file final27.cif (mmCIF, N, CA and C atoms and all ligand atoms)
data_work
#
loop_
_atom_site.label_atom_id
_atom_site.label_comp_id
_atom_site.auth_asym_id
_atom_site.auth_seq_id
_atom_site.Cartn_x
_atom_site.Cartn_y
_atom_site.Cartn_z
N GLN A 564 78.72 6.08 181.72
CA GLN A 564 79.21 6.30 183.07
C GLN A 564 80.68 5.98 183.25
N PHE A 565 81.14 4.98 182.52
CA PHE A 565 82.51 4.51 182.63
C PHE A 565 83.12 4.44 181.24
N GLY A 566 84.42 4.66 181.14
CA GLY A 566 85.13 4.43 179.89
C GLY A 566 86.08 3.26 180.07
N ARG A 567 86.48 2.62 178.97
CA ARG A 567 87.42 1.51 179.08
C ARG A 567 88.54 1.53 178.07
N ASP A 568 89.66 0.92 178.47
CA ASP A 568 90.85 0.76 177.66
C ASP A 568 90.84 -0.60 176.95
N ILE A 569 91.88 -0.88 176.19
CA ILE A 569 91.99 -2.12 175.42
C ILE A 569 91.98 -3.34 176.33
N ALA A 570 92.60 -3.21 177.49
CA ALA A 570 92.71 -4.29 178.47
C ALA A 570 91.42 -4.46 179.28
N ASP A 571 90.39 -3.67 178.97
CA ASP A 571 89.11 -3.69 179.66
C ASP A 571 89.21 -3.03 181.04
N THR A 572 90.32 -2.36 181.29
CA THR A 572 90.49 -1.63 182.52
C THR A 572 89.81 -0.29 182.39
N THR A 573 89.55 0.36 183.51
CA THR A 573 88.87 1.64 183.46
C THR A 573 89.81 2.72 182.94
N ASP A 574 89.34 3.48 181.96
CA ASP A 574 90.11 4.55 181.35
C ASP A 574 89.78 5.90 181.97
N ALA A 575 88.50 6.10 182.23
CA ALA A 575 87.98 7.34 182.78
C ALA A 575 86.65 7.07 183.44
N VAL A 576 86.26 7.93 184.37
CA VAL A 576 84.96 7.80 185.03
C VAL A 576 84.21 9.11 185.10
N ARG A 577 82.89 9.02 185.20
CA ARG A 577 82.10 10.20 185.48
C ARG A 577 81.80 10.29 186.96
N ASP A 578 82.20 11.38 187.58
CA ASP A 578 81.96 11.53 189.01
C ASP A 578 80.45 11.52 189.28
N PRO A 579 79.94 10.61 190.12
CA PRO A 579 78.54 10.37 190.39
C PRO A 579 77.82 11.51 191.10
N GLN A 580 78.56 12.44 191.70
CA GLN A 580 77.92 13.55 192.40
C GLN A 580 77.90 14.79 191.52
N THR A 581 79.01 15.02 190.83
CA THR A 581 79.14 16.14 189.91
C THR A 581 79.52 15.58 188.56
N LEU A 582 78.69 15.80 187.56
CA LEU A 582 78.89 15.08 186.31
C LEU A 582 80.00 15.62 185.42
N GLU A 583 81.23 15.38 185.85
CA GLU A 583 82.43 15.74 185.10
C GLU A 583 83.24 14.48 184.87
N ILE A 584 84.07 14.48 183.84
CA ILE A 584 84.85 13.30 183.52
C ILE A 584 86.29 13.39 184.00
N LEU A 585 86.70 12.36 184.72
CA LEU A 585 88.03 12.27 185.26
C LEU A 585 88.82 11.17 184.60
N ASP A 586 90.02 11.49 184.13
CA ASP A 586 90.88 10.49 183.54
C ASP A 586 91.59 9.73 184.63
N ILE A 587 91.80 8.44 184.43
CA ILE A 587 92.55 7.69 185.42
C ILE A 587 93.88 7.22 184.88
N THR A 588 94.95 7.78 185.41
CA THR A 588 96.28 7.37 184.99
C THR A 588 96.94 6.62 186.13
N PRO A 589 97.25 5.33 185.97
CA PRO A 589 97.86 4.50 186.98
C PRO A 589 99.09 5.21 187.52
N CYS A 590 99.33 5.07 188.82
CA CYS A 590 100.42 5.74 189.54
C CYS A 590 101.76 5.25 188.99
N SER A 591 102.76 6.16 188.94
CA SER A 591 104.07 5.88 188.33
C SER A 591 104.72 4.61 188.83
N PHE A 592 105.25 3.84 187.90
CA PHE A 592 105.90 2.59 188.21
C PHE A 592 106.95 2.30 187.17
N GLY A 593 107.80 1.33 187.46
CA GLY A 593 108.79 0.89 186.49
C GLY A 593 109.74 -0.11 187.10
N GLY A 594 110.51 -0.79 186.28
CA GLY A 594 111.45 -1.77 186.80
C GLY A 594 112.57 -1.07 187.53
N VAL A 595 113.17 -1.75 188.49
CA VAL A 595 114.31 -1.19 189.18
C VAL A 595 115.51 -2.08 189.02
N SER A 596 116.57 -1.51 188.47
CA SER A 596 117.78 -2.25 188.23
C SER A 596 118.92 -1.75 189.08
N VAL A 597 119.76 -2.67 189.50
CA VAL A 597 120.89 -2.32 190.31
C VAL A 597 122.17 -2.53 189.54
N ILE A 598 122.94 -1.46 189.46
CA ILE A 598 124.18 -1.42 188.73
C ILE A 598 125.31 -1.59 189.70
N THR A 599 126.05 -2.66 189.55
CA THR A 599 127.05 -2.92 190.55
C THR A 599 128.32 -3.53 189.98
N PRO A 600 129.49 -3.14 190.49
CA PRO A 600 130.75 -3.79 190.26
C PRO A 600 130.63 -5.07 191.04
N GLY A 601 131.41 -6.07 190.74
CA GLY A 601 131.21 -7.29 191.50
C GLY A 601 131.48 -7.04 192.97
N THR A 602 130.82 -7.81 193.83
CA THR A 602 130.99 -7.68 195.29
C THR A 602 132.40 -8.06 195.79
N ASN A 603 133.23 -8.64 194.90
CA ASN A 603 134.63 -8.93 195.15
C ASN A 603 135.51 -7.66 195.00
N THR A 604 134.89 -6.54 194.57
CA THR A 604 135.52 -5.23 194.38
C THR A 604 134.91 -4.21 195.33
N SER A 605 133.59 -4.11 195.32
CA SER A 605 132.90 -3.11 196.13
C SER A 605 131.44 -3.43 196.40
N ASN A 606 130.95 -2.97 197.54
CA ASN A 606 129.54 -3.12 197.87
C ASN A 606 128.74 -1.86 197.58
N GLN A 607 129.33 -0.94 196.84
CA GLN A 607 128.64 0.27 196.43
C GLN A 607 127.81 -0.01 195.19
N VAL A 608 126.58 0.47 195.16
CA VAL A 608 125.76 0.26 193.98
C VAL A 608 125.08 1.54 193.52
N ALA A 609 124.65 1.56 192.27
CA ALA A 609 123.84 2.65 191.74
C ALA A 609 122.50 2.07 191.33
N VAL A 610 121.44 2.85 191.45
CA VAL A 610 120.12 2.32 191.12
C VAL A 610 119.46 3.03 189.98
N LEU A 611 119.01 2.26 189.02
CA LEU A 611 118.31 2.79 187.87
C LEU A 611 116.83 2.53 187.97
N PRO B 807 127.64 11.01 155.71
CA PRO B 807 126.91 11.82 156.67
C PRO B 807 126.71 13.25 156.24
N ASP B 808 125.54 13.80 156.56
CA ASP B 808 125.19 15.19 156.29
C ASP B 808 125.39 16.06 157.55
N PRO B 809 126.42 16.92 157.61
CA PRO B 809 126.81 17.76 158.74
C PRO B 809 125.74 18.76 159.18
N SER B 810 124.74 19.01 158.34
CA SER B 810 123.72 20.00 158.66
C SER B 810 122.57 19.44 159.49
N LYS B 811 122.56 18.13 159.68
CA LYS B 811 121.47 17.49 160.41
C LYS B 811 121.78 17.41 161.91
N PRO B 812 120.75 17.33 162.77
CA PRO B 812 120.84 17.15 164.22
C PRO B 812 121.46 15.80 164.59
N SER B 813 121.43 14.88 163.63
CA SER B 813 122.03 13.57 163.74
C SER B 813 122.71 13.36 162.41
N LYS B 814 124.00 13.11 162.44
CA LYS B 814 124.77 13.07 161.21
C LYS B 814 124.57 11.80 160.42
N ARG B 815 123.43 11.73 159.75
CA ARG B 815 123.08 10.61 158.91
C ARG B 815 123.18 11.05 157.47
N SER B 816 123.34 10.11 156.56
CA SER B 816 123.39 10.41 155.14
C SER B 816 122.02 10.67 154.57
N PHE B 817 121.96 11.20 153.36
CA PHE B 817 120.68 11.43 152.71
C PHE B 817 119.90 10.13 152.61
N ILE B 818 120.55 9.08 152.13
CA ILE B 818 119.86 7.81 152.01
C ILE B 818 119.41 7.26 153.35
N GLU B 819 120.22 7.35 154.38
CA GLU B 819 119.76 6.86 155.67
C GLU B 819 118.51 7.58 156.12
N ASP B 820 118.43 8.90 155.92
CA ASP B 820 117.20 9.59 156.30
C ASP B 820 116.00 9.01 155.58
N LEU B 821 116.17 8.60 154.33
CA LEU B 821 115.05 8.04 153.59
C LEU B 821 114.60 6.75 154.24
N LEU B 822 115.55 5.97 154.73
CA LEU B 822 115.22 4.67 155.31
C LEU B 822 114.45 4.86 156.62
N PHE B 823 114.89 5.83 157.41
CA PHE B 823 114.26 6.11 158.69
C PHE B 823 112.88 6.71 158.54
N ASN B 824 112.62 7.35 157.42
CA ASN B 824 111.32 7.94 157.19
C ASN B 824 110.33 6.96 156.55
N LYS B 825 110.74 5.71 156.30
CA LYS B 825 109.83 4.74 155.72
C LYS B 825 109.40 3.66 156.69
N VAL B 826 110.27 3.27 157.61
CA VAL B 826 109.89 2.27 158.60
C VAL B 826 109.34 2.96 159.84
N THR B 827 108.13 2.56 160.28
CA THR B 827 107.42 3.15 161.42
C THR B 827 107.23 2.12 162.54
N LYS B 854 101.16 -1.20 178.04
CA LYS B 854 100.95 0.21 178.34
C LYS B 854 101.16 0.43 179.85
N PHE B 855 100.11 0.18 180.66
CA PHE B 855 100.15 0.26 182.12
C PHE B 855 99.85 -1.11 182.70
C1 LIG A 901 75.24 16.18 194.72
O1 LIG A 901 75.03 17.38 195.54
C2 LIG A 901 74.87 18.61 194.74
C3 LIG A 901 74.74 19.79 195.70
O2 LIG A 901 76.01 20.13 196.26
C4 LIG A 901 73.64 18.48 193.80
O3 LIG A 901 73.50 19.65 193.00
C5 LIG A 901 73.84 17.24 192.89
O4 LIG A 901 72.70 17.09 192.03
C6 LIG A 901 74.00 15.97 193.76
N1 LIG A 901 74.26 14.83 192.88
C7 LIG A 901 73.49 13.75 192.80
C8 LIG A 901 73.90 12.67 191.84
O5 LIG A 901 72.44 13.65 193.45
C1 LIG A 902 137.95 -12.27 195.57
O1 LIG A 902 137.90 -12.25 197.03
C2 LIG A 902 138.66 -13.35 197.65
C3 LIG A 902 138.46 -13.25 199.16
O2 LIG A 902 137.26 -13.91 199.56
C4 LIG A 902 140.16 -13.23 197.24
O3 LIG A 902 140.91 -14.32 197.80
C5 LIG A 902 140.27 -13.28 195.69
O4 LIG A 902 141.65 -13.15 195.30
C6 LIG A 902 139.45 -12.11 195.09
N1 LIG A 902 139.49 -12.14 193.61
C7 LIG A 902 139.49 -11.05 192.84
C8 LIG A 902 139.54 -11.26 191.36
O5 LIG A 902 139.43 -9.92 193.33
#
call {"tool": "encode", "arguments": {"input": "final27.cif", "output": "structure tokens", "more": "lines below"}}
Ligand SMILES: *[C@@H]1O[C@H](CO)[C@@H](O)[C@H](O)[C@H]1NC(C)=O
Ligand SMILES: *[C@@H]1O[C@H](CO)[C@@H](O)[C@H](O)[C@H]1NC(C)=O
result
Amino acid sequence: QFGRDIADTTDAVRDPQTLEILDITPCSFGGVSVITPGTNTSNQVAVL
Amino acid sequence: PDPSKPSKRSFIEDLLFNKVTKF
């Protein structure tokens, strides 16, 4: 009924009403970095 | 360096790169 990944998290599931398999891919994420000249020069920043 | 490659590496360097290999 359920599949699992190395972390024991759910990898895929079988839909309980219609028996098809759905992959579960966690929603996009990532670190956010701010690129900035010192604030003694400018308050403009770029975001990575 | 070998000018014919997509990355100008030498013959020997290519050999080295071909030997060393969530949510
Ligand atoms: C869910 O409903 C459908 C009809 O739309 C039926 O064919 C199916 O067997 C039902 N699933 C379960 C698990 O009862
Ligand atoms: C930084 O800003 C101060 C004003 O608060 C100014 O006196 C200082 O000379 C500035 N230094 C540089 C390196 O821009």
call {"tool": "closest_residue", "arguments": {"input": "final27.cif", "among": "A:608, A:598, A:570, A:576", "to": "chain B", "atoms": "only C-alpha atoms"}}
result
A:570
call {"tool": "atom_distance", "arguments": {"input": "final27.cif", "atom1": "atom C8 of ligand LIG 902 (chain A)", "atom2": "atom N of residue 606 in chain A"}}
result
13.4 Å
call {"tool": "closest_residue", "arguments": {"input": "final27.cif", "among": "A:610, A:575, A:567, A:589", "to": "chain B", "atoms": "only N, CA and C atoms"}}
result
A:589
call {"tool": "residues_near_ligand", "arguments": {"input": "final27.cif", "ligand": "ligand LIG 902 (chain A)", "cutoff": "7 Å", "atoms": "all atoms listed in the file", "output": "list in words"}}
result
residues 602, 603 and 604 of chain A
call {"tool": "closest_atom_pairs", "arguments": {"input": "final27.cif", "of": "chain A", "to": "ligand LIG 901 (chain A)", "cutoff": "8 Å", "atoms": "only N, CA and C atoms and all ligand atoms", "output": "Markdown table"}}
result
| residue | atom | partner | partner_atom | distance |
| --- | --- | --- | --- | --- |
| A:578 | C | A:LIG901 | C8 | 7.1 |
| A:579 | C | A:LIG901 | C8 | 4.2 |
| A:580 | C | A:LIG901 | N1 | 3.9 |
| A:581 | N | A:LIG901 | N1 | 5.2 |
| A:582 | N | A:LIG901 | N1 | 7.0 |
call {"tool": "select_by_dssp", "arguments": {"input": "final27.cif", "residues": "chain B", "states": "helix (DSSP H, G or I)", "output": "ChimeraX atom specification"}}
result
/B:817-823
call {"tool": "atom_distance", "arguments": {"input": "final27.cif", "atom1": "CA of residue 574 in chain A", "atom2": "CA of residue 854 in chain B"}}
result
12.1 Å
call {"tool": "axis_aligned_box", "arguments": {"input": "final27.cif", "around": "range 587-598 of chain A", "padding_each_side": "8 Å", "output": "AutoDock Vina command-line options"}}
result
--center_x 108.6 --center_y 2.9 --center_z 187.4 --size_x 49.5 --size_y 27.1 --size_z 21.9
call {"tool": "atom_distance", "arguments": {"input": "final27.cif", "atom1": "CA of residue 594 in chain A", "atom2": "CA of residue 572 in chain A"}}
result
21.4 Å
call {"tool": "residues_around", "arguments": {"input": "final27.cif", "residues": "residue 609 in chain A", "least_positions_apart": "5", "cutoff": "7 Å", "atoms": "all atoms listed in the file", "output": "list in words"}}
result
residues 596, 597, 598, 599 and 600 of chain A
call {"tool": "build_atoms", "arguments": {"input": "final27.cif", "residues": "range 814-827 of chain B", "atoms": "N, CA, C and O atoms", "output": "mmCIF file, in the coordinates of the input"}}
result
data_model
loop_
_atom_site.group_PDB
_atom_site.id
_atom_site.type_symbol
_atom_site.label_atom_id
_atom_site.label_comp_id
_atom_site.auth_asym_id
_atom_site.auth_seq_id
_atom_site.Cartn_x
_atom_site.Cartn_y
_atom_site.Cartn_z
ATOM 1 N N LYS B 814 124.000 13.110 162.440
ATOM 2 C CA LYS B 814 124.770 13.070 161.210
ATOM 3 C C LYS B 814 124.570 11.800 160.420
ATOM 4 O O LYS B 814 125.424 10.915 160.398
ATOM 5 N N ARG B 815 123.430 11.730 159.750
ATOM 6 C CA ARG B 815 123.080 10.610 158.910
ATOM 7 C C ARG B 815 123.180 11.050 157.470
ATOM 8 O O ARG B 815 123.125 12.246 157.182
ATOM 9 N N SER B 816 123.340 10.110 156.560
ATOM 10 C CA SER B 816 123.390 10.410 155.140
ATOM 11 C C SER B 816 122.020 10.670 154.570
ATOM 12 O O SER B 816 121.013 10.370 155.215
ATOM 13 N N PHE B 817 121.960 11.200 153.360
ATOM 14 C CA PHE B 817 120.680 11.430 152.710
ATOM 15 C C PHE B 817 119.900 10.130 152.610
ATOM 16 O O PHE B 817 118.726 10.076 152.977
ATOM 17 N N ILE B 818 120.550 9.080 152.130
ATOM 18 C CA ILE B 818 119.860 7.810 152.010
ATOM 19 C C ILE B 818 119.410 7.260 153.350
ATOM 20 O O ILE B 818 118.285 6.769 153.455
ATOM 21 N N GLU B 819 120.220 7.350 154.380
ATOM 22 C CA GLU B 819 119.760 6.860 155.670
ATOM 23 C C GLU B 819 118.510 7.580 156.120
ATOM 24 O O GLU B 819 117.559 6.943 156.562
ATOM 25 N N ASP B 820 118.430 8.900 155.920
ATOM 26 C CA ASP B 820 117.200 9.590 156.300
ATOM 27 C C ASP B 820 116.000 9.010 155.580
ATOM 28 O O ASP B 820 114.918 8.895 156.168
ATOM 29 N N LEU B 821 116.170 8.600 154.330
ATOM 30 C CA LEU B 821 115.050 8.040 153.590
ATOM 31 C C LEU B 821 114.600 6.750 154.240
ATOM 32 O O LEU B 821 113.409 6.460 154.288
ATOM 33 N N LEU B 822 115.550 5.970 154.730
ATOM 34 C CA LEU B 822 115.220 4.670 155.310
ATOM 35 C C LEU B 822 114.450 4.860 156.620
ATOM 36 O O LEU B 822 113.446 4.196 156.875
ATOM 37 N N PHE B 823 114.890 5.830 157.410
ATOM 38 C CA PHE B 823 114.260 6.110 158.690
ATOM 39 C C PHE B 823 112.880 6.710 158.540
ATOM 40 O O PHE B 823 112.040 6.563 159.425
ATOM 41 N N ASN B 824 112.620 7.350 157.420
ATOM 42 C CA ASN B 824 111.320 7.940 157.190
ATOM 43 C C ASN B 824 110.330 6.960 156.550
ATOM 44 O O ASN B 824 109.185 7.330 156.290
ATOM 45 N N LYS B 825 110.740 5.710 156.300
ATOM 46 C CA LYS B 825 109.830 4.740 155.720
ATOM 47 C C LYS B 825 109.400 3.660 156.690
ATOM 48 O O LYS B 825 108.265 3.184 156.622
ATOM 49 N N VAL B 826 110.270 3.270 157.610
ATOM 50 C CA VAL B 826 109.890 2.270 158.600
ATOM 51 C C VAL B 826 109.340 2.960 159.840
ATOM 52 O O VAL B 826 109.991 3.854 160.381
ATOM 53 N N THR B 827 108.130 2.560 160.280
ATOM 54 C CA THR B 827 107.420 3.150 161.420
ATOM 55 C C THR B 827 107.230 2.120 162.540
ATOM 56 O O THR B 827 107.464 2.400 163.716
#
